[PDB]
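One structure below.
The figures that follow rest on heavy atoms only: side chains count, while hydrogens, waters and symmetry mates do not. Throughout, protein chains are lettered first and strands after them, A, B, ... in sequence-line order, and every chain is numbered starting at 1.
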Amino acid sequence: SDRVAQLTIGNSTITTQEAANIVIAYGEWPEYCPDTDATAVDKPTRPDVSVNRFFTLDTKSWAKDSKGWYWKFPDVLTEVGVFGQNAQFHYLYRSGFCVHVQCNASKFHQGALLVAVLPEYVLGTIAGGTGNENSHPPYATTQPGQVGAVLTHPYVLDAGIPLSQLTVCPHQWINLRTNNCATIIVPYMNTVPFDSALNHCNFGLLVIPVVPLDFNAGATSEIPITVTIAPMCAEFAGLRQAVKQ
Amino acid sequence: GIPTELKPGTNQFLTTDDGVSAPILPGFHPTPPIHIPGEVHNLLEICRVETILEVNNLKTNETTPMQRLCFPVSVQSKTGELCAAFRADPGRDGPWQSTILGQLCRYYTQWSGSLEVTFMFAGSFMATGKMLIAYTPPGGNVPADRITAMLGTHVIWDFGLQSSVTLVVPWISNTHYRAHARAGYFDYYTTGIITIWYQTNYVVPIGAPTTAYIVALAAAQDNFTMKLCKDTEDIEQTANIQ
Amino acid sequence: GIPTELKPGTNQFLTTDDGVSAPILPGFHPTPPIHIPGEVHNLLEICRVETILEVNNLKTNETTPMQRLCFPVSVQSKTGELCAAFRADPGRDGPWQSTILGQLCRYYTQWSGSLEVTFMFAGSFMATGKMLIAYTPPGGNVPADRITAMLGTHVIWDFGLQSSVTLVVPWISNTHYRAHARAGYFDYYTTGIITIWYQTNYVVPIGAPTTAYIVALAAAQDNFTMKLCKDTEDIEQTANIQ
Amino acid sequence: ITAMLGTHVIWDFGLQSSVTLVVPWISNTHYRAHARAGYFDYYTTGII
Amino acid sequence: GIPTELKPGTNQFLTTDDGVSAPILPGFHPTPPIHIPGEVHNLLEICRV
Amino acid sequence: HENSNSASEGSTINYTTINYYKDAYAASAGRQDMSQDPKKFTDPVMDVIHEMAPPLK
Amino acid sequence: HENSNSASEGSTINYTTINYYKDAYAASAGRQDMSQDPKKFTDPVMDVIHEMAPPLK
Amino acid sequence: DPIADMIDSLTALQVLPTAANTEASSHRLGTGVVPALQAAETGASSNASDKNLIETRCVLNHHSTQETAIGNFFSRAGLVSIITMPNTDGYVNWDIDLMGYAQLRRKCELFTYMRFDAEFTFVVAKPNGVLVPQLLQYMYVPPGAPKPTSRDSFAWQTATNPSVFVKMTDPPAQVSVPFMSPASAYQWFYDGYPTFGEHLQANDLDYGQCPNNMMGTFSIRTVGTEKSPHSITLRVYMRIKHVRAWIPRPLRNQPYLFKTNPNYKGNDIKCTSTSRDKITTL
Amino acid sequence: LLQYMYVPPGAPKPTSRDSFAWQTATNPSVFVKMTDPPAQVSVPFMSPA
Amino acid sequence: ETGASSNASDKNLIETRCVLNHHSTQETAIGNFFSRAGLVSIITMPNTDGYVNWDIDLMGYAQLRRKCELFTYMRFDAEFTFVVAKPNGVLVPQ
Ligand SMILES: CCCCCCCCCCCCC/C=C/[C@H](O)[C@H](N)CO
Ligand SMILES: CCCCCCCCCCCCC/C=C/[C@H](O)[C@H](N)CO
């Protein structure tokens with residue numbers, strides 16, 4: 001009876017009846033910055049309900065030949081709600097996250113998704129194909145917003161590193177015969193206690209179908225994937241006029 | 001001054017020598033460390049993490065390499081067929097190259113300890129079946145039939161609400177450590193062969209697909225160690241970087 | 001004698017190495033020290049002293065360089081105009097080069113801590129006025145109007161019997177230390193922009209002049225430190241001295 | 001994406017066939033008169 | 001540094017000299033020894049046969 | 001007595017270090033600490049999973 | 001025992017020095033003293049100025 | 001107090017010098033207790049052991065775990081630079097970037113963050129390996145300091161910059177270098193842009209460049225005023241000491257192309273494994 | 001100037017004078033000159049038995 | 001006008017948090033600022049009879065001269081290093 005779960009934070013609640021555990025990334029819960037680690041001297045703001053709540057992004061469609069999707073954090077929320085306004089009016093930000101990915105299907109469907117969190121997900125290019133061009137990814141690719149982007153070569157994760165050892169990162173699976181959701185709680189990971197929300201992305205969320213989706217003709221062919229996220233201990237400092245990017 | 005004599009080993013530069021060298025900045029103090037999650041102290045913490053085994057490493061899979069991460073299971077007409085077969089050597093070329101354990105083994109010369117392979121079934125809820133996953137100690141090739149393969153270490157896996165099973169590959173060796181197995185004299189250090197067989201059929205009703213897939217994951221146990229740190233053979237550099 | 005081995009680093013001359021060398025005069029004793037006022041033990045004692053900021057560093061001021069030490073304030077017709085704008089980077093080229101803090105920063109690579117800018121009004125006794133002095137954290141350019149600039153750290157200064165005010169520039173950074181800001185990748189280390197605006201007008205009666213001047217002074221706070229001592233770029237030597 | 005900025009609950013179908021959305025008392029006055037078209041839209045509760 | 005003088009015998013390689021040389025593998029630990037019968041400690045044990 | 005300026009103040013073991021200078025980063029590496037916490041990469045779940053119990057009951 | 005002939009007999013810290021000769025000026029520099037008196041360059045006035053009081057009342 | 005709502009890690013370390021012992025076990029028949037059935041969807045690794053799957057004996061093993069500690073894994077000098085003076089006026093200014101040689105780059109990029117002290121060794125010779133009596137000077141130029149423009153520049157006075165004078169017939173020079181980042185660790189991967197502003201296609205080179213890792217310029221010269229007739233070849237080797245590492249990553253399976261980006265040749269994607277013909281025949 | 005490198009079994013061996021294997025990032029290596037004294041290293045017991 | 005520097009702090013001008021910082025003040029001490037070897041002289045024997053008499057004046061090179069002239073008075077011990085070669089940098093037995 002641990003297959004049922006309820007996540008309540010702010011004015012939002014997620015219920016699930018077909019779940020695995022909750023993964024706490026590297027065994028650490030999100031926290032506020034203590035006085036020994038802080039360096040900036042001004043008092044930070046902690047809104048504590050209007051920013052620490054569940055945010056639901058756009059919905060993907062799992063087809064039979066999907067490659068995979070990725071999102072960048074906290075780039076997905078810089079234009080959404082009161083979190084997106086505090087991130088534009090302040091210079092520094094610090095927070096953890098609770099990521100929840102939903103995908104339900106019937107008992108006659110099959111497939112498996114790998115849902116992983118990779119910190120400092122730096123993207124590469126195909127270098128013009130032949131390897132001679134020093135190409136760089138565009139701004140819509142490195143920071144795709146709340147919509148997200150599609151992976152072009154998911155076997156090398158578009159960065160030259162294999163998918164087969166992506167499970168060294170905090171991860172869960174969505175196996176369609178077993179569960180319909182995955183939940184990872186991520187703390188703040190950086191070399192600095194605060195950072196910019198418009199210039200730096202802490203981690204990337206990767207959702208890749210390792211086993212492809214399959215069903216017989218006559219069943220439902222529209223299988224969607226929804227991502228719902230929540231900041232946990234959001235702090236903001238360095239107040240100045242609003243800067244969008 | 002004090003009478004001294006110089007010995008052999010004078011004015012040599014050994015790259016693995018640990019000593020005291022002169023500092024360049026007097027009175028310098030670094031930036032204070034903050035708390036970062038996910039600190040590693042030993043490489044054996046990474047070796048116990050399960051990563052995907054590429055059992056389906058076929059020559060026809062090289063242009064669609066996402067199919068190497070799962071191997072099929074289907075409805076059979078005859079009984080007792082084998083589904084897959086691979087060696088249990090983590091440092092040899094083959095399916096173990098795609099694991100983080102098989103990648104960190106390449107930085108060392110000898111290894112010891114027990115291994116584990118986990119198989120996860122990714123079919124429908126309505127699909128049933130039983131598989132026989134055997135581990136054979138060294139001495140022969142792949143067993144010809146199921147009644148030969150079950151004479152070694154094996155586990156019978158029933159599909160159900162728990163979608164995974166673990167085949168533990170126990171340390172059964174003559175030497176305390178094993179060097180990496182290879183064609184030639186170094187087949188003395190081989191571990192054996194892992195095979196998977198049909199115990200019963202893959203049974204399915206009307207309306208559910210007749211082919212499913214299994215993902216194999218591999219890690220190490222808590223008696224696993226490595227020694228004699230060396231250069232890896234996976235990265236190369238023929239052309240100059242940048 | 002005693003068996004020894006020579007290590008790498010033998011017969012090198014590192015200019016920052018601290019050791020023992022042979023004395024040239026045996027039995028020599030120096031002249032005894034007397035008490036002299038003004039002894040310095042640490043360079044941070046000099047960095048807390050206020051020196052003149054050259055906010056008026058114009059290209060038309062280069063042949064009359066005494067005008068770079070003060071910037072004017074006058075009677076305005078429109079409201080909310082800006083008087084001056086400059087960056088808060090003490091190690092960058094600009095107004096901070098004329099300070100002893102901005103000169104001693106050039107001998108180091110990284111800095112940390114809070115700063116202070118003091119503005120002293122040098123008009124008549126009969127002149128009144130209010131100014132808005134704002135500090136903006138990084139993210140944008142100079143604010144376009146007064147209602148954009150007051151969203152950051154600011155102070156409202158009223159002219160009176162106390163002729164000075166202090167704008168403290170607090171340490172608001174992501175890293176613990178800042179390298180010196182520069183055009184390129186090193187704009188990551190920028191501090192921000194200091195602007196001064198008219199809160200009300202510069203009001204004056206008959207018989208007193210309609211233009212006055214403000215002198216800006218700058219120093220460091222008691223949480224200020226520097227590190228990684230290096231060569232400065234202000235002095236050069238192309239021709240031989242003497 | 002506009003509607004989830006308020007109070008919400010995500011409901012998963014399963015062996016428990018029911019869910020409860022609690023509508024909490026979020027008002028300026030201590031009591032509410034009945035809402036109506038006109039001046040009495042001051043007393044409206046909101047939209048589900 | 002410390003004043004020193006080099007003596008005769010410097011930079012020679014005597015093959016019967018017993019000293020300390022630099023190790024090539026930091027942190028290496030050997031295979032543990034097991035019990036083998038027939039250990040010899042002195043060559044005079046063989047001479048009495 | 002030294003300036004306490006070393007990259008790592010931990011995992012170098014008690015003592016077991018050699019230095020001839022006043023700066024602590026000039027010292028040798030010494031023998032390493034054999035502490036390890038493998039369970040924050042292998043079992044990072046909220047409810048702990050016992051070995052013999054069914055892990056999804 | 002040494003000839004006590006060094007340029008500075010202060011601000012070199014207790015001990016923390018190395019010498020191999022009988023002359024004290026041949027020694028190494030050691031680690032520096034971290035004493036500082038900033039108030040004789042910043043507040044050198046006869047009547048002390050409190051921070052919150054008006055400084056010219 | 002009138003307002004009542006304004007009143008308001010999982011694992012630990014242990015010292016394990018040896019590998020784990022094995023206990024003796026017997027057979028087990030029963031219901032309810034199934035240690036072999038797992039659930040890989042939870043994100044947790046398998047906790048099944050030897051004694052729960054087979055019948056085992058007692059093994060007291062003393063295999064040490066010292067060599068796989070990350071201090072022993074990293075304290076080996078590897079090549080980071082090759083600098084040549086054929087650059088025909090007797091000096092080189094080299095911008096410090098240690099990601100140009102694949103062997104040390106793949107070892108360091110196993111982790112995301114790293115904080116260490118270094119030890120640099122300078123092995124210098126002629127391009128064919130012969131040594132001549134020749135005086136050289138290596139100078140470290142921190143960012144912001146003036147870099148030399150010629151062989152007789154004023155910047156070679158090194159009044160505050162750290163400098164080493166060495167001869168080619170000497171042993172190789174060794175220095176200790178501290179941790180000198182403005183942050184708390186070096187990061188080999190920086191997902192973002194250093195500055196603000198618009199991010200157009202002509203400024204796409206800025207992506208991934210962290211100024212917290214840029215350490216300055218390493219300068220070499222022949223000391224005299226006149227031109228030296230000898231060609232120089234300097235090889236730099238780096239040991240990593242006093243190391244701390246965070247957040248392990250997948251190891252790279254593609255050959256490196258450039259020093260600053262993870263770009264890979266897209267026409268030849270290498271498979272991580274060696275292929276075979278059939279899945280049933282090894 | 002010469003370079004001696006120990007290549008353990010399984011490690012890549014050099015194919016030319018300018019091979020990538022001479023980067024010796026994990027392999028133990030000695031750099032020495034011919035006019036130097038002879039090099040000395042200590043080697044442990046490294047059998048799997 | 002009093003000749004005194006400003007005594008206003010962070011906590012009296014803005015609202016601050018508590019910061020416990022451990023940034024050392026050791027490197028800006030004048031012992032660490034000055035204990036670096038800098039060039040003071042270049043002497044050449046092309047002065048064609050095999051000897052040079054050089055009058056000691058260490059104010060001929062601008063980098064160490066500007067560092068020392070930050071202060072009016074100074075009392076120190078020195079350490080002199082003599083790096084000698086040919087005009088092209090080659091060394092001979094001499
Ligand atoms: C005379 C002494 C000269 C030696 C000066 C060496 C100082 C440089 C030490 C830097 C330590 C590594 C810093 C980062 C290196 C990599 O290039 C960056 N991660 C680039 O990605
Ligand atoms: C064989 C030993 C030869 C070394 C002899 C060196 C003795 C000279 C040391 C003088 C110390 C500095 C004295 C003042 C130097 C400046 O030239 C003057 N201030 C000139 O303004």
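Residue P44(F): no heavy atom, backbone or side chain, is found under 4.5 Å from chain B. For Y25(F), the part lying under 4.5 angstrom from a heavy atom of chain B is the side chain only. Neither the backbone nor the side chain of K39(F) comes within contact range of chain B; no heavy atom of the residue lies under 4.5 Å from a heavy atom of that chain. When heavy atoms are compared at a cutoff of 4.5 Å, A27(F) approaches chain B solely by way of its backbone atoms N, CA, C and O. With a 4.5 Å cut-off on non-hydrogen atoms, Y20(F) touches chain B through its backbone and its side chain both. Within the 4.5 angstrom heavy-atom criterion, only side-chain atoms of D23(F), from C-beta onward, approach chain B. Only the backbone of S6(F) has a heavy atom closer than 4.5 Å to any heavy atom of chain B.
Salt bridge status for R68(B) with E54(B): present, with a side-chain N to carboxylate O gap under 4.0 Å.
Below 4.5 Å, heavy atoms of chain F meet heavy atoms from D18(B), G19(B), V20(B), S21(B), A22(B), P23(B), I24(B), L25(B), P26(B), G27(B), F28(B), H29(B), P30(B), all part of residues 10-31 of chain B.
Looking at heavy atoms from C-beta onward, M126(B) lies out of side-chain contact with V204(B) at the 4.5 angstrom threshold. Proximity of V215(B) to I52(B): side-chain heavy atoms (C-beta onward) are separated by under 4.5 Å at one or more points. Considering only heavy atoms from C-beta on, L167(B) stays 4.5 Å or farther from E116(B) through its side chain. Counting heavy atoms from C-beta outward, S112(B) and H176(B) have side chains that stay 4.5 Å or more apart. Two residues are said to be in side-chain contact when any heavy atoms from C-beta on lie closer than 4.5 Å; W111(B) and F224(B) meet this criterion. Looking at heavy atoms from C-beta onward, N57(B) lies out of side-chain contact with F86(B) at the 4.5 angstrom threshold.
Classified by interplanar angle (parallel below 30°, tilted 30° to 60°, perpendicular above 60°), the ring pair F119(B)/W157(B) is tilted.
With hydrogens and angles left out, the side-chain atoms of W197(B) and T195(B) include a donor and acceptor closer than 3.5 Å.
Taking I18(F), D37(F), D33(F), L56(F) one by one and counting their heavy-atom pairs under 4.5 Å with chain B, the maximum is reached by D37(F).
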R48(B) and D43(F): CA distance, side-chain angles, deciding distance, salt bridge (charged side-chain N to carboxylate O under 4.0 Å, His left out) verdict: CA-CA 10 Å; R48(B) 299 159 182 236; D43(F) 289 5; over 6 Å; no
